[PDB]
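Visitor: Sending over a structure as structure tokens; questions will come in a sec.
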Amino acid sequence: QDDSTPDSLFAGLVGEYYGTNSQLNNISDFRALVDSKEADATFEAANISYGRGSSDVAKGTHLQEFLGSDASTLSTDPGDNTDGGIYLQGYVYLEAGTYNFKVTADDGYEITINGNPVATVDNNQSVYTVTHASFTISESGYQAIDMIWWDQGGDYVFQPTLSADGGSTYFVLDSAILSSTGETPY
Ligand SMILES: OC[C@H]1O[C@@](CO)(O[C@H]2O[C@H](CO)[C@@H](O)[C@H](O)[C@H]2O)[C@@H](O)[C@@H]1O
Ligand SMILES: [Ca+2]
Ligand SMILES: [Ca+2]
Ligand SMILES: [Ca+2]
Ligand SMILES: [Ca+2]
Ligand SMILES: [Ca+2]
Ligand SMILES: [Ca+2]
Ligand SMILES: [Ca+2]
């Protein structure tokens with residue numbers, strides 16, 4: 001806790017959605033959007049496997065469809081924009097050891113753990129899956145995590161999977177291991 005507002009405890013990350021009518025070309029553009037205003041909607045990101053869909057995430061009900069099982073936690077239904085994206089933050093339970101992400105996305109994204117980038121695509125792209133380099137966790141427990149992802153338009157998908165076993169199996173980040181505050185969710 002770091003202010004005077006109690007924070008919701010749930011098995012997920014704290015999600016924020018931002019839309020814009022400017023072009024998002026890269027991570028910097030999306031982070032600047034996040035900095036520029038209050039979120040257009042908030043949600044609980046408890047099953048981080050979104051899309052795929054078409055015809056712009058920021059239009060109509062496409063965000064709801066993209067978020068799927070998480071859309072019932074939306075604070076509002078945003079109005080139309082051309083471009084948009086999400087900012088997720090909270091905690092993930094990981095034992096000490098080596099891990100790596102494998103992420104399918106359109107457009108780009110950045111994932112950080114304990115403040116260090118561990119999976120980055122700093123550009124727009126049609127759907128593509130990257131196997132990212134491995135990283136280490138020094139101490140078992142809840143690790144800080146954040147993610148950004150955006151859609152510049154067109155198709156959209158975001159599925160960042162994680163392997164604990166050297167790339168032999170991967171899992172989606174979901175309510176089994178996510179925490180919004182770092183306390184244990186029940
Ligand atoms: O290559 C850009 C070109 O492809 C289209 C096809 O619909 O968009 C694709 O590529 C974009 C990244 O440049 C993705 O954002 C998009 O989702 C994907 O459909 C066109 O919009 C543009 O012709
Ligand atoms: Ca607080
Ligand atoms: Ca903001
Ligand atoms: Ca809408
Ligand atoms: Ca879905
Ligand atoms: Ca739901
Ligand atoms: Ca655009
Ligand atoms: Ca796109």
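Just so we're on the same page: first chain in the structure tokens is A, next is B, and so on; residues restart at 1 for each chain, and ligands are numbered from 1 in the order they show up.
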For chain A against ligand 6, with a cut-off of 7 Å and counting only C-alpha atoms and all ligand atoms, what is the closest atom pair and its distance in Å to one decimal for every residue that makes the cut, ordered by chain and number, as a Markdown table?
Guide:
```
| residue | atom | partner | partner_atom_place_in_ligand_line | distance |
| --- | --- | --- | --- | --- |
| A:69 | CA | ligand 6 | 1 (Ca) | 4.0 |
| A:70 | CA | ligand 6 | 1 (Ca) | 4.8 |
| A:71 | CA | ligand 6 | 1 (Ca) | 6.0 |
| A:72 | CA | ligand 6 | 1 (Ca) | 4.6 |
| A:73 | CA | ligand 6 | 1 (Ca) | 6.7 |
```
Visitor: Using only C-alpha atoms and all ligand atoms, find each protein or nucleic acid residue lying at most 8 Å from ligand 8; present the set as number ranges by chain.
Guide: A: 56-57, 106-107, 124-126, 150-157
Visitor: Take the residues from that selection and write them out as an mmCIF file, in the first residue's frame, keeping N, CA, C and O atoms.
Guide:
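Just written: part19.cif:
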```
data_model
loop_
_atom_site.group_PDB
_atom_site.id
_atom_site.type_symbol
_atom_site.label_atom_id
_atom_site.label_comp_id
_atom_site.auth_asym_id
_atom_site.auth_seq_id
_atom_site.Cartn_x
_atom_site.Cartn_y
_atom_site.Cartn_z
ATOM 1 N N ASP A 56 -10.134 -3.062 -35.691
ATOM 2 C CA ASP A 56 -9.627 -2.068 -34.723
ATOM 3 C C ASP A 56 -10.107 -2.349 -33.300
ATOM 4 O O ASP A 56 -11.320 -2.336 -33.019
ATOM 5 N N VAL A 57 -9.198 -2.563 -32.346
ATOM 6 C CA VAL A 57 -9.617 -2.895 -30.980
ATOM 7 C C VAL A 57 -10.411 -1.753 -30.369
ATOM 8 O O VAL A 57 -11.240 -1.970 -29.488
ATOM 9 N N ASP A 106 -0.355 -8.719 -32.054
ATOM 10 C CA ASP A 106 -0.520 -7.640 -33.040
ATOM 11 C C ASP A 106 -1.189 -6.535 -32.235
ATOM 12 O O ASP A 106 -2.286 -6.783 -31.711
ATOM 13 N N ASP A 107 -0.570 -5.368 -32.025
ATOM 14 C CA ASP A 107 0.689 -4.900 -32.565
ATOM 15 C C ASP A 107 1.814 -5.236 -31.572
ATOM 16 O O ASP A 107 2.082 -6.416 -31.357
ATOM 17 N N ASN A 124 4.953 -1.808 -34.696
ATOM 18 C CA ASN A 124 3.717 -2.427 -35.138
ATOM 19 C C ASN A 124 4.035 -3.698 -35.914
ATOM 20 O O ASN A 124 5.115 -3.843 -36.476
ATOM 21 N N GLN A 125 3.074 -4.621 -35.942
ATOM 22 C CA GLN A 125 3.247 -5.875 -36.669
ATOM 23 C C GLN A 125 1.904 -6.565 -36.815
ATOM 24 O O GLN A 125 1.075 -6.539 -35.895
ATOM 25 N N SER A 126 1.712 -7.218 -37.955
ATOM 26 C CA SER A 126 0.691 -8.248 -38.030
ATOM 27 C C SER A 126 1.083 -9.418 -37.131
ATOM 28 O O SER A 126 2.221 -9.519 -36.684
ATOM 29 N N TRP A 150 -0.506 -2.666 -27.507
ATOM 30 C CA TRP A 150 -1.416 -1.787 -28.232
ATOM 31 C C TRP A 150 -1.776 -2.343 -29.586
ATOM 32 O O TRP A 150 -1.104 -3.217 -30.120
ATOM 33 N N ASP A 151 -2.807 -1.722 -30.159
ATOM 34 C CA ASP A 151 -3.267 -1.896 -31.532
ATOM 35 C C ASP A 151 -3.255 -0.535 -32.226
ATOM 36 O O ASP A 151 -3.917 0.408 -31.793
ATOM 37 N N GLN A 152 -2.508 -0.445 -33.308
ATOM 38 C CA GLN A 152 -2.523 0.750 -34.174
ATOM 39 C C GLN A 152 -3.713 0.754 -35.133
ATOM 40 O O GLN A 152 -3.919 1.752 -35.828
ATOM 41 N N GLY A 153 -4.460 -0.339 -35.189
ATOM 42 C CA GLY A 153 -5.550 -0.517 -36.127
ATOM 43 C C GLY A 153 -5.507 -1.886 -36.755
ATOM 44 O O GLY A 153 -4.466 -2.564 -36.768
ATOM 45 N N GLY A 154 -6.630 -2.288 -37.333
ATOM 46 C CA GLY A 154 -6.715 -3.546 -38.037
ATOM 47 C C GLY A 154 -6.965 -4.699 -37.090
ATOM 48 O O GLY A 154 -7.929 -4.687 -36.304
ATOM 49 N N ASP A 155 -6.169 -5.759 -37.222
ATOM 50 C CA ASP A 155 -6.303 -6.919 -36.367
ATOM 51 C C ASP A 155 -5.595 -6.680 -35.033
ATOM 52 O O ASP A 155 -4.780 -5.759 -34.872
ATOM 53 N N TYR A 156 -5.890 -7.537 -34.057
ATOM 54 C CA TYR A 156 -5.368 -7.356 -32.708
ATOM 55 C C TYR A 156 -5.378 -8.710 -32.003
ATOM 56 O O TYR A 156 -6.363 -9.452 -32.080
ATOM 57 N N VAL A 157 -4.312 -8.991 -31.264
ATOM 58 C CA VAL A 157 -4.196 -10.204 -30.463
ATOM 59 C C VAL A 157 -3.109 -9.959 -29.439
ATOM 60 O O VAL A 157 -2.129 -9.276 -29.735
#
```
Visitor: Would you mind listing, for every residue of chain A within 8 Å of ligand 7, the two atoms forming the shortest contact and the distance between them in Å to one decimal, using only C-alpha atoms and all ligand atoms, sorted by chain and ascending residue number, as JSON lines?
Guide:
```
{"residue": "A:21", "atom": "CA", "partner": "ligand 7", "partner_atom_place_in_ligand_line": "1 (Ca)", "distance": 7.2}
{"residue": "A:22", "atom": "CA", "partner": "ligand 7", "partner_atom_place_in_ligand_line": "1 (Ca)", "distance": 6.4}
{"residue": "A:23", "atom": "CA", "partner": "ligand 7", "partner_atom_place_in_ligand_line": "1 (Ca)", "distance": 4.2}
{"residue": "A:24", "atom": "CA", "partner": "ligand 7", "partner_atom_place_in_ligand_line": "1 (Ca)", "distance": 5.9}
{"residue": "A:25", "atom": "CA", "partner": "ligand 7", "partner_atom_place_in_ligand_line": "1 (Ca)", "distance": 8.0}
{"residue": "A:82", "atom": "CA", "partner": "ligand 7", "partner_atom_place_in_ligand_line": "1 (Ca)", "distance": 5.7}
{"residue": "A:83", "atom": "CA", "partner": "ligand 7", "partner_atom_place_in_ligand_line": "1 (Ca)", "distance": 5.0}
{"residue": "A:151", "atom": "CA", "partner": "ligand 7", "partner_atom_place_in_ligand_line": "1 (Ca)", "distance": 7.6}
{"residue": "A:152", "atom": "CA", "partner": "ligand 7", "partner_atom_place_in_ligand_line": "1 (Ca)", "distance": 4.0}
{"residue": "A:153", "atom": "CA", "partner": "ligand 7", "partner_atom_place_in_ligand_line": "1 (Ca)", "distance": 4.9}
```
Visitor: Write out, as a tab-separated table, each residue of chain A that has an atom at most 10 Å from ligand 2, together with the closest pair of atoms and their distance in Å to one decimal, counting only C-alpha atoms and all ligand atoms, rows going by chain and rising number.
Guide:
```
residue	atom	partner	partner_atom_place_in_ligand_line	distance
A:1	CA	ligand 2	1 (Ca)	5.3
A:2	CA	ligand 2	1 (Ca)	5.5
A:3	CA	ligand 2	1 (Ca)	4.8
A:4	CA	ligand 2	1 (Ca)	5.9
A:5	CA	ligand 2	1 (Ca)	4.2
A:6	CA	ligand 2	1 (Ca)	4.9
A:7	CA	ligand 2	1 (Ca)	4.9
A:8	CA	ligand 2	1 (Ca)	8.6
A:181	CA	ligand 2	1 (Ca)	9.1
```
Visitor: Near residue 10 (chain A), counting only C-alpha atoms, which residues have an atom at most 10 Å away, once you skip same-chain residues fewer than 2 positions from it, shown as a PyMOL selection string?
Guide: chain A and resi 7-8+12-14+44-46+175+178-186
Visitor: What does the distance between CA of residue 80 (chain A) and CA of residue 103 (chain A) come to in Å, to one decimal place?
Guide: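 CA of residue 103 (chain A) lies 26.9 Å from CA of residue 80 (chain A).
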Visitor: Which residue out of A:87, A:101, A:149, A:93 has the minimum interatomic distance to ligand 1 when only C-alpha atoms and all ligand atoms are used?
Guide: A:149
Visitor: Dump the neighbourhood of ligand 4 as a VMD selection string: all residues within 10 Å, distances computed on only C-alpha atoms and all ligand atoms.
Guide: chain A and resid 57 to 64 76 to 81
Visitor: Keeping only N, CA, C and O atoms, write the selected residues to a file as a compact mmCIF listing (two decimals), in the first residue's frame.
Guide:
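Printed below is result.txt as written:
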```txt
# COMPACT_ATOMS: atom_id res chain seq x y z
N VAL A 57 -9.20 -2.56 -32.35
CA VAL A 57 -9.62 -2.90 -30.98
C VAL A 57 -10.41 -1.75 -30.37
O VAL A 57 -11.24 -1.97 -29.49
N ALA A 58 -10.15 -0.51 -30.81
CA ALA A 58 -10.68 0.69 -30.15
C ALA A 58 -12.06 1.07 -30.66
O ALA A 58 -12.66 2.03 -30.13
N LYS A 59 -12.61 0.35 -31.63
CA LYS A 59 -13.93 0.62 -32.20
C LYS A 59 -15.02 -0.30 -31.63
O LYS A 59 -14.78 -1.47 -31.32
N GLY A 60 -16.24 0.25 -31.51
CA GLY A 60 -17.42 -0.53 -31.20
C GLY A 60 -17.22 -1.34 -29.94
O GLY A 60 -16.74 -0.84 -28.92
N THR A 61 -17.55 -2.63 -30.02
CA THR A 61 -17.43 -3.56 -28.89
C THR A 61 -16.22 -4.47 -29.04
O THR A 61 -16.15 -5.53 -28.40
N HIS A 62 -15.26 -4.07 -29.86
CA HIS A 62 -14.12 -4.95 -30.10
C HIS A 62 -13.27 -5.13 -28.86
O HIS A 62 -12.74 -6.22 -28.65
N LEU A 63 -13.20 -4.12 -27.99
CA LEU A 63 -12.40 -4.31 -26.77
C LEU A 63 -13.02 -5.39 -25.89
O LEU A 63 -12.32 -6.20 -25.30
N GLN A 64 -14.34 -5.36 -25.75
CA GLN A 64 -15.06 -6.36 -24.96
C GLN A 64 -14.78 -7.75 -25.51
O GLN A 64 -14.54 -8.71 -24.76
N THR A 76 -16.34 0.88 -17.62
CA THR A 76 -17.19 1.57 -18.59
C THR A 76 -17.03 0.87 -19.93
O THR A 76 -16.15 0.01 -20.10
N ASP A 77 -17.85 1.28 -20.89
CA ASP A 77 -17.67 0.93 -22.30
C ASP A 77 -17.07 2.14 -22.99
O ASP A 77 -17.77 3.14 -23.16
N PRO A 78 -15.79 2.12 -23.35
CA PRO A 78 -15.20 3.29 -24.01
C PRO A 78 -15.93 3.62 -25.30
O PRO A 78 -16.42 2.74 -26.00
N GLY A 79 -15.91 4.90 -25.66
CA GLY A 79 -16.31 5.31 -26.99
C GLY A 79 -15.27 4.91 -28.05
O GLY A 79 -14.23 4.32 -27.76
N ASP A 80 -15.62 5.20 -29.30
CA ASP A 80 -14.72 4.85 -30.40
C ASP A 80 -13.44 5.68 -30.37
O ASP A 80 -13.46 6.88 -30.12
N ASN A 81 -12.35 5.04 -30.74
CA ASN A 81 -11.08 5.65 -31.10
C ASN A 81 -10.51 4.85 -32.26
O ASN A 81 -10.94 3.75 -32.56
```
Visitor: Enumerate as a ChimeraX atom specification all residues of chain A assigned to helix (DSSP H, G or I) by DSSP on the backbone, naming them with the chain letters and numbers the document uses.
Guide: /A:27-36,62-73
Visitor: Write out the residues from the selection above, keeping N, CA, C and O atoms, as an mmCIF file, in the first residue's frame.
Guide:
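Final file, again-v2.cif:
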```cif
data_model
loop_
_atom_site.group_PDB
_atom_site.id
_atom_site.type_symbol
_atom_site.label_atom_id
_atom_site.label_comp_id
_atom_site.auth_asym_id
_atom_site.auth_seq_id
_atom_site.Cartn_x
_atom_site.Cartn_y
_atom_site.Cartn_z
ATOM 1 N N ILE A 27 6.404 1.602 -28.454
ATOM 2 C CA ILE A 27 6.176 1.585 -27.015
ATOM 3 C C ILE A 27 6.080 2.994 -26.455
ATOM 4 O O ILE A 27 5.214 3.296 -25.644
ATOM 5 N N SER A 28 7.014 3.855 -26.851
ATOM 6 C CA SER A 28 7.038 5.224 -26.354
ATOM 7 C C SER A 28 5.718 5.930 -26.602
ATOM 8 O O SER A 28 5.250 6.692 -25.759
ATOM 9 N N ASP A 29 5.143 5.748 -27.788
ATOM 10 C CA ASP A 29 3.873 6.397 -28.095
ATOM 11 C C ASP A 29 2.776 5.920 -27.147
ATOM 12 O O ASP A 29 1.965 6.719 -26.668
ATOM 13 N N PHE A 30 2.729 4.610 -26.864
ATOM 14 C CA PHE A 30 1.671 4.122 -25.988
ATOM 15 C C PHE A 30 1.906 4.600 -24.556
ATOM 16 O O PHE A 30 0.971 5.030 -23.875
ATOM 17 N N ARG A 31 3.140 4.510 -24.061
ATOM 18 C CA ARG A 31 3.417 5.013 -22.720
ATOM 19 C C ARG A 31 3.081 6.498 -22.582
ATOM 20 O O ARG A 31 2.565 6.924 -21.538
ATOM 21 N N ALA A 32 3.353 7.311 -23.615
ATOM 22 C CA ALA A 32 2.976 8.725 -23.570
ATOM 23 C C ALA A 32 1.456 8.889 -23.479
ATOM 24 O O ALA A 32 0.951 9.771 -22.758
ATOM 25 N N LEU A 33 0.700 8.034 -24.185
ATOM 26 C CA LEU A 33 -0.760 8.063 -24.072
ATOM 27 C C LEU A 33 -1.197 7.777 -22.641
ATOM 28 O O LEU A 33 -2.026 8.501 -22.076
ATOM 29 N N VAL A 34 -0.631 6.735 -22.045
ATOM 30 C CA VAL A 34 -0.961 6.382 -20.664
ATOM 31 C C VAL A 34 -0.715 7.568 -19.731
ATOM 32 O O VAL A 34 -1.508 7.855 -18.813
ATOM 33 N N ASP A 35 0.437 8.233 -19.906
ATOM 34 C CA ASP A 35 0.829 9.382 -19.070
ATOM 35 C C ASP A 35 -0.104 10.575 -19.226
ATOM 36 O O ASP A 35 -0.142 11.438 -18.346
ATOM 37 N N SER A 36 -0.737 10.704 -20.391
ATOM 38 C CA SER A 36 -1.430 11.936 -20.771
ATOM 39 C C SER A 36 -2.821 12.119 -20.159
ATOM 40 O O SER A 36 -3.353 13.239 -20.219
ATOM 41 N N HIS A 62 -15.258 -4.072 -29.860
ATOM 42 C CA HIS A 62 -14.121 -4.952 -30.101
ATOM 43 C C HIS A 62 -13.270 -5.129 -28.858
ATOM 44 O O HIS A 62 -12.737 -6.217 -28.653
ATOM 45 N N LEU A 63 -13.195 -4.124 -27.989
ATOM 46 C CA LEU A 63 -12.403 -4.306 -26.768
ATOM 47 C C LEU A 63 -13.018 -5.389 -25.886
ATOM 48 O O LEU A 63 -12.315 -6.205 -25.296
ATOM 49 N N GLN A 64 -14.341 -5.359 -25.747
ATOM 50 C CA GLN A 64 -15.061 -6.365 -24.960
ATOM 51 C C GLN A 64 -14.780 -7.754 -25.510
ATOM 52 O O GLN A 64 -14.537 -8.710 -24.756
ATOM 53 N N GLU A 65 -14.859 -7.894 -26.832
ATOM 54 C CA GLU A 65 -14.600 -9.197 -27.431
ATOM 55 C C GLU A 65 -13.157 -9.630 -27.179
ATOM 56 O O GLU A 65 -12.898 -10.785 -26.845
ATOM 57 N N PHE A 66 -12.206 -8.704 -27.319
ATOM 58 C CA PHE A 66 -10.778 -8.974 -27.110
ATOM 59 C C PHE A 66 -10.526 -9.463 -25.688
ATOM 60 O O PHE A 66 -9.832 -10.453 -25.475
ATOM 61 N N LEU A 67 -11.094 -8.759 -24.702
ATOM 62 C CA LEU A 67 -10.864 -9.094 -23.293
ATOM 63 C C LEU A 67 -11.596 -10.353 -22.838
ATOM 64 O O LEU A 67 -11.195 -10.945 -21.833
ATOM 65 N N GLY A 68 -12.678 -10.718 -23.519
ATOM 66 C CA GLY A 68 -13.353 -11.984 -23.305
ATOM 67 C C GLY A 68 -13.796 -12.130 -21.880
ATOM 68 O O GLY A 68 -14.553 -11.318 -21.343
ATOM 69 N N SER A 69 -13.279 -13.193 -21.224
ATOM 70 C CA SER A 69 -13.597 -13.511 -19.840
ATOM 71 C C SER A 69 -13.320 -12.367 -18.880
ATOM 72 O O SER A 69 -13.841 -12.382 -17.783
ATOM 73 N N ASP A 70 -12.459 -11.408 -19.192
ATOM 74 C CA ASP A 70 -12.148 -10.258 -18.342
ATOM 75 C C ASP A 70 -13.057 -9.052 -18.589
ATOM 76 O O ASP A 70 -13.100 -8.126 -17.762
ATOM 77 N N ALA A 71 -13.829 -9.037 -19.675
ATOM 78 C CA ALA A 71 -14.622 -7.860 -20.016
ATOM 79 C C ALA A 71 -15.760 -7.567 -19.046
ATOM 80 O O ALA A 71 -16.210 -6.419 -18.971
ATOM 81 N N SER A 72 -16.206 -8.565 -18.277
ATOM 82 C CA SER A 72 -17.297 -8.311 -17.339
ATOM 83 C C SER A 72 -16.851 -7.439 -16.177
ATOM 84 O O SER A 72 -17.693 -6.953 -15.435
ATOM 85 N N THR A 73 -15.548 -7.158 -16.075
ATOM 86 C CA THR A 73 -15.029 -6.275 -15.034
ATOM 87 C C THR A 73 -14.757 -4.870 -15.544
ATOM 88 O O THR A 73 -14.233 -4.052 -14.782
#
```
Visitor: Using Å and a single decimal, report how far CA of residue 145 (chain A) sits from atom 17 (O, counted along the ligand's line) of ligand 1.
Guide: 25.7 Å
Visitor: What does the distance from CA of residue 75 (chain A) to CA of residue 42 (chain A) come to in Å, to one decimal?
Guide: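 Value for the CA of residue 75 (chain A)-CA of residue 42 (chain A) distance: 5.3 Å.
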Visitor: So, counting only C-alpha atoms, which residue among A:147, A:104, A:47, A:95 is closest to residue 174 (chain A)?
Guide: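 Residue with the minimum atom-to-atom distance to residue 174 (chain A): A:47.
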Visitor: Please determine, counting only C-alpha atoms and all ligand atoms, which residue among A:163, A:11, A:86, A:132 has the shortest atom-to-atom distance to ligand 3.
Guide: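 The closest residue to ligand 3 is A:86.
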